[PDB]
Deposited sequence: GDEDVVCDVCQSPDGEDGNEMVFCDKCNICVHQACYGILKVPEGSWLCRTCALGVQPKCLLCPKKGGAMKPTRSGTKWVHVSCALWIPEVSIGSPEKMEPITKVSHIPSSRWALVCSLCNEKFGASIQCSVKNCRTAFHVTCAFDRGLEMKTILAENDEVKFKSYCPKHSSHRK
């Protein structure tokens, strides 16, 4: 039916409802996109409100829930910012801005996404400890890899290559 673009979940919660953008028809949880209060009527995402189609600094995928850095001139996928370790979210409840992008190591910038083979952006790797297979977060989602947020002794983000999914 309908799924949240960030976490790929179809179910809402009390105080964490599914909200739809009036223009691009995208769907996001309150907690996933930083919506503090359910709107009284229609609602717009950030890029539709600004009227721009920015490219993600970290992956080659176009469209989807994106948030801006402190500058407001650069944009990053919420999923990419969540799943890439070195990236941090300025506000954990407003879900913005996307910061510490400069902290991504050169070794991560050097990884080639095994799914699209586009030497652009930043890729994460398989959660299995010896699996060096790398891929974009958005590519991992679109291709259909196992992408879970599990609760350990603490939320841990697990992304598994096709072989280990």
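Going by the record, the unmodelled stretches of the deposited sequence, in order, are 1-3, 157-158, 171-174.
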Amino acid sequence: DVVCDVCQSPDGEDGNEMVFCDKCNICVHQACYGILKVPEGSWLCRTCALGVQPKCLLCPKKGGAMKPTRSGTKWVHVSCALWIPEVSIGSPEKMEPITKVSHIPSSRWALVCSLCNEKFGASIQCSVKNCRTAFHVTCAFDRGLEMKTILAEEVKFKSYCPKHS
From here on, numbers count along this sequence of modelled residues.
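Looking at mean Cα B-factors across 129-137 and 28-36, the upper value is held by 129-137.
Two stretches are in play, 120-128 and 104-112, and the higher mean C-alpha B-factor belongs to 104-112. The deposited CA B-factor of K61 belongs to the middle third of values across its chain. When the modelled residues of the chain are ordered by their C-alpha B factor, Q53 lands in the highest third.
When the CA B factors of the chain's modelled residues are split into thirds, the value for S88 lands in the middle one.
Annotation for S79: CA B-factor lies in the lowest third of the chain's modelled residues.
Ranked against the other modelled residues of its chain, the C-alpha B-factor of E146 as given in the entry falls in the lowest third.
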